[PDB]
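Engineer: Structure incoming, see below.
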Amino acid sequence: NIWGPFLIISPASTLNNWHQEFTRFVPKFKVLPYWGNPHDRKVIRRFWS
DNA sequence: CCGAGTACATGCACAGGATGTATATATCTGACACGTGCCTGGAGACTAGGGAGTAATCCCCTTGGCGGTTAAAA
């Protein structure tokens, strides 16, 4: 389950806190949340698709 | 066997929050905007000459106005 994808459901206000705590926690793992508008959905679609 | 009541289910209303929307603002840039002198094609003034249509008659057709008949409108 390490190499597999993991979807974490967190609030929009705690997304930055989980991103900072995840970056300072495990820097070897990439943190790529999902937020924004249709443009950010196109960027996340180009990167994650 | 029937009525009272307690419990569970449910539905509606209100408030929070997220996302879509639209305008307010910022900024560097193509383009309006503004001199600077050129000049040559225009724009007008000034004599002289032409000419066609306005104006007044007046002769002459083509309108606008009378009474019936059936044919089309109702």
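Labels used: A, B, ... for chains in the order of the structure tokens, numbers from 1 for residues in each chain, and numbers from 1 for ligands as shown.
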May I have all residues of chain A that DSSP, computed from the backbone, assigns to helix (DSSP H, G or I), given as a list in words?

Structural biologist: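 Selection result, helix (DSSP H, G or I) within chain A: residues 15, 16, 17, 18, 19, 20, 21, 22, 23, 24, 25, 38, 39, 40, 41, 42, 43, 44, 45, 46, 47 and 48 of chain A.
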
Engineer: Please identify all residues of chain A having at least one atom at most 12 Å from any atom of chain B, considering only C-alpha atoms (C1' of nucleotides), and return them as a PyMOL selection string.

Structural biologist: chain A and resi 11-12+35-38

Engineer: What does the file look like for those residues with C-alpha atoms, as a PDB file, in the first residue's frame?

Structural biologist:
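What landed in part-v1.pdb:
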```
ATOM      1  CA  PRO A  11     -10.893  20.287   5.516  1.00  0.00           C
ATOM      2  CA  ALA A  12      -9.874  23.229   3.365  1.00  0.00           C
ATOM      3  CA  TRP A  35      -8.217  22.761  -4.373  1.00  0.00           C
ATOM      4  CA  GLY A  36      -8.881  25.888  -6.409  1.00  0.00           C
ATOM      5  CA  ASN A  37     -11.081  26.433  -9.444  1.00  0.00           C
ATOM      6  CA  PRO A  38     -11.473  24.754 -12.874  1.00  0.00           C
TER       7      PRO A  38
END
```

Engineer: Provide the atom CA of residue 2 of chain A to atom CA of residue 44 of chain A distance in Å, to one decimal place.

Structural biologist: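 Interatomic distance here is 21.2 Å.
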
Engineer: Skipping near chain neighbours, those fewer than 5 positions away, what residues fall within 12 Å of residue 48 of chain A using only C-alpha atoms (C1' of nucleotides), listed as a PDB file with N, CA and C atoms, in the first residue's frame?

Structural biologist:
```pdb
ATOM      1  N   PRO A   5      -1.798   4.649  -4.590  1.00  0.00           N
ATOM      2  CA  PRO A   5      -2.298   6.000  -4.317  1.00  0.00           C
ATOM      3  C   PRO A   5      -3.107   6.042  -3.031  1.00  0.00           C
ATOM      4  N   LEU A  32       0.683  16.740  -2.659  1.00  0.00           N
ATOM      5  CA  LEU A  32      -0.024  17.396  -3.758  1.00  0.00           C
ATOM      6  C   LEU A  32      -1.514  17.400  -3.453  1.00  0.00           C
ATOM      7  N   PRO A  33      -2.008  18.427  -2.773  1.00  0.00           N
ATOM      8  CA  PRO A  33      -3.436  18.506  -2.456  1.00  0.00           C
ATOM      9  C   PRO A  33      -4.242  18.918  -3.684  1.00  0.00           C
ATOM     10  N   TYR A  34      -5.557  19.019  -3.492  1.00  0.00           N
ATOM     11  CA  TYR A  34      -6.484  19.373  -4.560  1.00  0.00           C
ATOM     12  C   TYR A  34      -7.414  20.470  -4.064  1.00  0.00           C
ATOM     13  N   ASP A  40      -7.233  25.210 -11.676  1.00  0.00           N
ATOM     14  CA  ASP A  40      -6.446  24.329 -10.821  1.00  0.00           C
ATOM     15  C   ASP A  40      -6.843  22.870 -11.010  1.00  0.00           C
ATOM     16  N   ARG A  41      -8.093  22.617 -11.410  1.00  0.00           N
ATOM     17  CA  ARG A  41      -8.498  21.261 -11.760  1.00  0.00           C
ATOM     18  C   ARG A  41      -7.872  20.821 -13.076  1.00  0.00           C
ATOM     19  N   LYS A  42      -7.582  21.769 -13.969  1.00  0.00           N
ATOM     20  CA  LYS A  42      -6.870  21.444 -15.199  1.00  0.00           C
ATOM     21  C   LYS A  42      -5.388  21.206 -14.945  1.00  0.00           C
ATOM     22  N   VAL A  43      -4.797  21.933 -13.994  1.00  0.00           N
ATOM     23  CA  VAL A  43      -3.400  21.696 -13.639  1.00  0.00           C
ATOM     24  C   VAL A  43      -3.258  20.364 -12.912  1.00  0.00           C
TER      25      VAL A  43
END
```

Engineer: Any idea what the distance is between atom CA of residue 22 of chain A and atom CA of residue 8 of chain A?

Structural biologist: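 That distance, rounded to one decimal, is 12.0 Å.
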
Engineer: To one decimal place in Å, what is the distance between atom CA of residue 47 of chain A and atom CA of residue 3 of chain A?

Structural biologist: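 Interatomic distance, atom CA of residue 47 of chain A to atom CA of residue 3 of chain A: 17.3 Å.
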